[PDB]
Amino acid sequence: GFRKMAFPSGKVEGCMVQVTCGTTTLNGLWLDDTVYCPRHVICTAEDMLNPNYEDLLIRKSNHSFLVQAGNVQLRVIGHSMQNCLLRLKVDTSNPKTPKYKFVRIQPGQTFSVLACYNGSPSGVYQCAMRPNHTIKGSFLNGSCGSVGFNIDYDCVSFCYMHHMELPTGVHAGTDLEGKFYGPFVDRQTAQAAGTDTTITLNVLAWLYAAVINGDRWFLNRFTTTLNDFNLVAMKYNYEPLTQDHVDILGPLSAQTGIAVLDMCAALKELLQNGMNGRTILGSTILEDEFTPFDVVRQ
């Protein structure tokens, strides 16, 4: 019916390399003459938790990093740390380098993840930054260093690099300057995320997507006020609806002919009465990983 879709991963695939330090291997992002990767690559198994990364990095030289762009190795001619990433400088500059930016995405926003194993892509999927700054994603053995990204025109916006799996099975990582999302650190200690909540803006945008594809069964004649809806929102572990949230949904309400607060009344009913086993857009759950901008695109 209507699908989660990932951006075409090709401009990213050509930047994926394999970084090995000592006995540890993960994925790196080769842009221009610089390779990014998680700094955890300099950690022997003995160093997890009680890791002082500045200490471990002063003892390494350029030769202790082996970069492999597919089969060809690249000469590492410099190295520095930035927050939780390593910046490896290499002799040759990636000819496949796309037009690109580094962006720190906000919670609620979505992006595509290219899952990699030792520098070779394996799969692609779409996900969202959860409000608790984790991502409920899929990262298996050797997935460390895979990047999340969006594409606009010819320009790749890299927003995420994977680092680790939390005890809850959800994932933690940084932007491409090495700053984590949320309260996490790259140490072997157990860490909890904050209590998650459902992305209200994305549920409403997703309700509009159904109305567009001829799914109107959940609509009603009623309506709420902003604060009236938010009190059902808090009761149900949903993000409060900001006044600008309404303004983002503006164009979607026009295309459908449903005032934003009317769609809220519909959502208010949906949350309090269940769905009676019916399905919206094909799902039996209120889906919160499509953005307004996602819905207009697809």
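Rigid core (definition): largest C-alpha set, two forms, superposition within 1.5 Å. A residue's number is simply how far along the shown sequence it sits, counting from 1.
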*Find the stretch among 39-47 and 244-252 with the larger RMS C-alpha deviation in 9 other deposited structures of this protein, all structures being superposed on the shown form by the rigid core.*
39-47
*How do 113-121 and 183-191 compare in 9 other deposited structures of this protein: which one has C-alphas farther from this form after the rigid core is matched?*
183-191
*Higher-B stretch (mean Cα B-factor, as the entry records it), 148-156 or 224-232*: 224-232
_Of 174-182 and 112-120, the one with larger mean CA B-factor_ = 112-120
_Which of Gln106, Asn83, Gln73, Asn202 ranks first by CA B-factor in the deposited coordinates_ = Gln73
*Of the residues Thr134, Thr198, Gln126, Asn213, the one carrying the largest Cα B-factor as recorded*: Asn213
_Position of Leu286 among the chain's modelled residues by C-alpha B-factor, lowest, middle or highest third_ = middle
*Sort the modelled residues of this chain by their C-alpha B factor and say whether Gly1 lands in the lowest, middle or highest third.*
highest
*With respect to C-alpha B-factor, does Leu140 fall in the lowest, middle or highest third of the chain as deposited?*
highest
_Relative C-alpha B-factor of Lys60, binned into the chain's lowest, middle or highest third_ = middle
_Assigned third (lowest, middle, highest) for the C-alpha B factor of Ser9_ = lowest
